[PDB]
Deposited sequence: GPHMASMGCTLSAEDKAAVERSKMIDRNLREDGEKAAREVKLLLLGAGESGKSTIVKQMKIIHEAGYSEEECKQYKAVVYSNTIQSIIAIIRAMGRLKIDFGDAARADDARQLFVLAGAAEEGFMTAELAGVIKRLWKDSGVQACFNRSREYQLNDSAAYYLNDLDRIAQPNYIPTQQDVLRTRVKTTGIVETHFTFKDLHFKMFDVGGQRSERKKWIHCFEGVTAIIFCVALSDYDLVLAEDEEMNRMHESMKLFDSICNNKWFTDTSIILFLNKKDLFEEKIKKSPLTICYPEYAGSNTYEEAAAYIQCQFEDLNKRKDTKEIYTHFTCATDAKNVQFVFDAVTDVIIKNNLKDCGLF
């Protein structure tokens, strides 16, 4: 900036002076990433690799090829299968053969793959109007949020010499079991980020889960437990209300009352998102002693993540540095 408060607070530290080569020491920030499955945790991890470190080499991208294929195959199959549950016919009754062929093809391979035959089967289904009506009713079943991303780019992805772009790798969903740890440097802070006691927590919420039980209420219960937990008294709690892009589109056609029956505001982006923010922040029992730092995010949008992470780093610099060691 110009006259940055964080840079000023930072310069008040004197602990480097107590080390022999102190200005070269590493200030460590430990970040714990939390939140329900599908809330964007692993996308944030990947954005940190892309924005602040190497991103993915082409060799790295080539390894993600069959993952892109597999994710695409999962997505269309999830949609076609929901057609059966929801009793939705195809636009063109000839797509029944394409649907059938999809299961034959998926059924006889071991891992994700792509051929012009498979791609044609999928374009025709994705294009179909009954399939699109089913896709548009996905709150009713379980559909990944990278589904439209890959299916709209099927031509590109299907080319014989396809190499996944970085946004393609970002958009993948990979089954991790156990704890994922990443390291990166930003603003001369050395971050250790842990993803299914500690400088800060980033708690992710899929805003777009409101109209799906009640996934949003499950997310609230987890945040209540975490925010009020005594282990985290001196931890900065940061709340990422994520998938704001998908939420912005859903709120036009789907009322918040589905998730909060008592809600009486307008069904608009600004009103509904403010309400959700208030519902989460009110689970803070230590309002007097503890603050929640809430940000609206689009985790698959690097410009937004960079901007938000920049603000988050300033909060840590101004508030937590006295608890971050040098190594």
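Enquirer: Which regions of the deposited sequence are unaccounted for in the modelled residues, listed N- to C-terminal?
Expert: No C-alpha for residues 1 to 11, 207, 209 to 222, 239 to 245.
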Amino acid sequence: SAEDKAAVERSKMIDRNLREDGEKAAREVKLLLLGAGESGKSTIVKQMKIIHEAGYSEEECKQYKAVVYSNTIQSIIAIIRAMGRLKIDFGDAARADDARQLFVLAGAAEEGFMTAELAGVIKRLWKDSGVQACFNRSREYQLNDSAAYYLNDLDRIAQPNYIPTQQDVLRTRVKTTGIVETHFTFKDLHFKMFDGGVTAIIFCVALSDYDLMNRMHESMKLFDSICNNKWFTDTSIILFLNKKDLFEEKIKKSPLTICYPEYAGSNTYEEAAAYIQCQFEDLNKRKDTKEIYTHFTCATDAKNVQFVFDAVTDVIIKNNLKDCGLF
From here on, numbers count along this sequence of modelled residues.
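Enquirer: Averaging CA B factors per stretch from the PDB record, which one is higher: 54 to 62 or 268 to 276?
Expert: The stretch with the larger average C-alpha B-factor is 54 to 62.
Enquirer: Do the CA atoms of 89 to 97 or those of 163 to 171 have the higher mean B-factor in the entry?
Expert: Between 89 to 97 and 163 to 171, it is 89 to 97.
Enquirer: Going by the deposited entry, which of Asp288, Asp301, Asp282, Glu38 has the highest CA temperature factor?
Expert: The C-alpha B-factor peaks, among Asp288, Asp301, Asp282, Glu38, at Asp288.
Enquirer: Among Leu105, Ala158, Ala200, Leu143, which residue carries the highest C-alpha B-factor recorded in the PDB entry?
Expert: Spelled out: the listed residue with the top C-alpha B-factor is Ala158.
Enquirer: Name the third of the chain's ranked CA B-factors that contains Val180, choosing lowest, middle or highest.
Expert: CA B-factor rank for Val180: middle third.
Enquirer: Lowest, middle or highest third of the chain for the C-alpha temperature factor of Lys192?
Expert: It falls in the bottom third of the chain.
Enquirer: For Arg19, does the deposited CA B-factor place it in the lowest, middle or highest third of the chain?
Expert: For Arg19, whose C-alpha B-factor we compare with every modelled residue in the chain, the answer is the middle third.
Enquirer: With respect to C-alpha B-factor, does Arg10 fall in the lowest, middle or highest third of the chain as deposited?
Expert: Middle third of the chain for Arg10's C-alpha B-factor.
Enquirer: What third of its chain, lowest, middle or highest, does the C-alpha temperature factor of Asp245 fall into?
Expert: Ranked within chain, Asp245 CA B lands in the lowest tercile.
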